[PDB]
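Structure record follows, encoded as structure tokens.
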Ligand SMILES: C=C(C)[C@@H]1CCC(C)=C[C@H]1c1c(O)cc(CCCCC)cc1O
Ligand SMILES: C=C(C)[C@@H]1CCC(C)=C[C@H]1c1c(O)cc(CCCCC)cc1O
Ligand code: NA
């Protein structure tokens, strides 16, 4: 399900652009346990290649939320490699 | 004997020597509290001496023997009569000595916990003094004795009153503000006591709002902190949050949280400029502390001022445009001073009266601001000076004095100086204008006095020795060396040709010493300059500008809307200002974000 | 002193150190024009030196790597 | 500057008073200079402050 509201869009005012998918929300909020369960759910697994309203994937959302802060940079970097590592096991063919 | 006998005994603390002559108090018909036994130098009594020497095992027997005699005035409530040390009691000594046990004995024996020490030592003096307030309750809080104050407030007999005021109307919270000195140790001491008293205030006096109590000068503890310059305690009070039991005691709340995005609700009970005599008005004008600019950059104050500034940018630039149009007429009228010219002079006369009335009203509203901080209101006098001269110049023209032309052009050049006042509205040159007077003018004034001493000192010697012809001309020629147009040469017709050149050569060398050292003198100011200090001054300058123009023009006192939104916290309604922040290291009033 | 172009041109010559200030004897207001001219000369020293100080802080509070990185970007473009 | 001018002018060698107050420490009398300071991190010859 996609949250295409004005609050979830990249606004200059009040907003929070975590992407558009529940999978992106878990990655942007630093919940490794949720995303692992969502991807490896035996029923209705989340798709890594699912795109947002702007075409952004899970990896794209990690780039947008980056703010070069020392805490944020560790959050984005740690999630980026983890999703890539999990991507090989889940979708080896998809780059 | 008697006075000398008792003081020596109580100093050692032996109660055995105290036994005997106790019945002599009734036999001699003399009271212990009377002037015979207390020292006439300062009114100090034996009980005060006993409390001073420590717990003195003689405290209880001394109070025991007093009640045996018939004393109309209780000894434990005796007050020192010395003017310098007036109002001090044995209870104050026990609190000062950090003796919790001693305080208990006096309190359990009927000590008054509301005695006021109104001596010169306890007043806010520039010399020797210690202003802890005026009450025993305030002394414990200011001396960082949490055990004493808890016992005093929760004493089963004669509990201390939190709302008791000092001689200046200061309460316990007010005394904490005054003793603050922004020191890292002092700030922790004041902050820790301030929240503790507030937390204990809810349990003891739930109905009484201690924060809203004002002293004899009508200042709440939050307002008093802003005026006195105590930024450290002021920052803590401005944004304050607590747990569930003390949630209403807080001032900063969270409306909703969604991931890293958070919104904060700072209270504006006495901070918003809508209410008369607010924190913003006190900080900008009434406050005179050197660290005045460090307050307007606080977390809730910076956002509130920026929000107010944006809503009045057009009005600020409208005034600048109107003033610019005023000088478009003024410059042309001055250029063609000797049909529409009569219309031009009419508009100039009205313009001069217009600014004169507005500036007079500005000075009528506030006068201490100019005296307290001349640097902040430097342009206030200049606008008044230009307006007064322009109005006066038009009067002389109508009076047929023929004396107006020098004055009319003076307002032209002086007014164009006032155009630089509006440069504070631009972030680029507004910060740049800070060093125009704050950094440069604070030291370059001294050089001018030095230069004229050298200029006139050499000018008299040059003209006298050469008799180059007049004092005005000799000084004028010496001044031309500064602009690089000086004419030095070996005169052949001079009576002393070599000597006048030597003095002239000496003068030229001194200016290079003077000018380069002046360049070096102000060099250190730029090198040893804090970047945030210059930025903070500009923020204060905008804060003063918006506050003055928020009241509207002099003829039209336009009503001001109240910033913030009224909403219920939990049923109490408090106006709050939304501040939205994003925190990624974090790993609610309402549920749905808005 | 006679035309707006000439008066501004003479005032500009003070910046290059070629300004001609003197006590005129034929002027109707001899002392007043000198006072305004003297005031103008003082302001340029305030203006120019403060401008030297204003850009002084940029050099003092300057990062060495920042200037070098700009040149690398310039070559990259 | 103050030391040179404390001796007075050349013609009039004015007498100089002794700074400080004579008082007993404990019986030894030593001139002392009062310095008053406020310390909030601390948490006596005479009893009564003056
Ligand atoms: C070094 C400086 C700052 C200037 C720079 C220009 C030149 C040629 C002269 C130098 C100079 C001296 O080197 C020494 C003095 C002191 C002598 C004055 C009284 C005899 C003045 C003096 O302008
Ligand atoms: C110290 C500076 C920066 C310059 C250096 C050269 C000399 C002789 C003048 C000094 C000076 C003042 O010391 C003060 C002012 C302000 C007065 C202007 C309006 C009356 C200007 C002004 O150039
Ligand atoms: Na030059």
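All chain B residue numbers match Swiss-Prot; in order, they span 75-128, 132-415, 432-560, 590-692, 699-715, 721-727.
This deposition comes from electron microscopy, 3.2 Å.
Cβ atoms are placed via backbone N, Cα and C, with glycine included.
Of the candidates B:82, B:320, B:350, Swiss-Prot marks one as phosphoserine, and that one is B:82. Looking at B:355-375, B:434-454, the range tied to transmembrane segment in Swiss-Prot is B:434-454. Stretch with the most C-beta contacts under 8 angstroms to the transmembrane segment (B:393-413), considering only B:461-481, B:496-516, B:538-558, B:622-642: B:496-516. In the shown protein chains, 11 other C-beta atoms lie within 10 A of the C-beta of residue B:82 (phosphoserine).
Panel annotation: around the transmembrane segment (B:622-642), residues 537, 540, 543-544, 547, 551, 554-555, 558-559, 590, 600, 603-604, 608, 610, 612-613, 616 of the same chain, lying at least six beyond its termini, place a Cβ under 8 Å from a Cβ of the stretch. For the topological domain 'Cytoplasmic' (B:455-460), same-chain residues at least 6 beyond its ends with a Cβ under 8 Å from one of its own Cβ atoms are 362, 473, 477, 670, 676. With helix defined as DSSP H, G or I and strand as E or B, the topological domain 'Cytoplasmic' (B:455-460) counts 4 helix, 0 strand, 2 coil.
Secondary structure at residue B:82 (phosphoserine), taken from DSSP and collapsed to helix, strand or coil, is helix.
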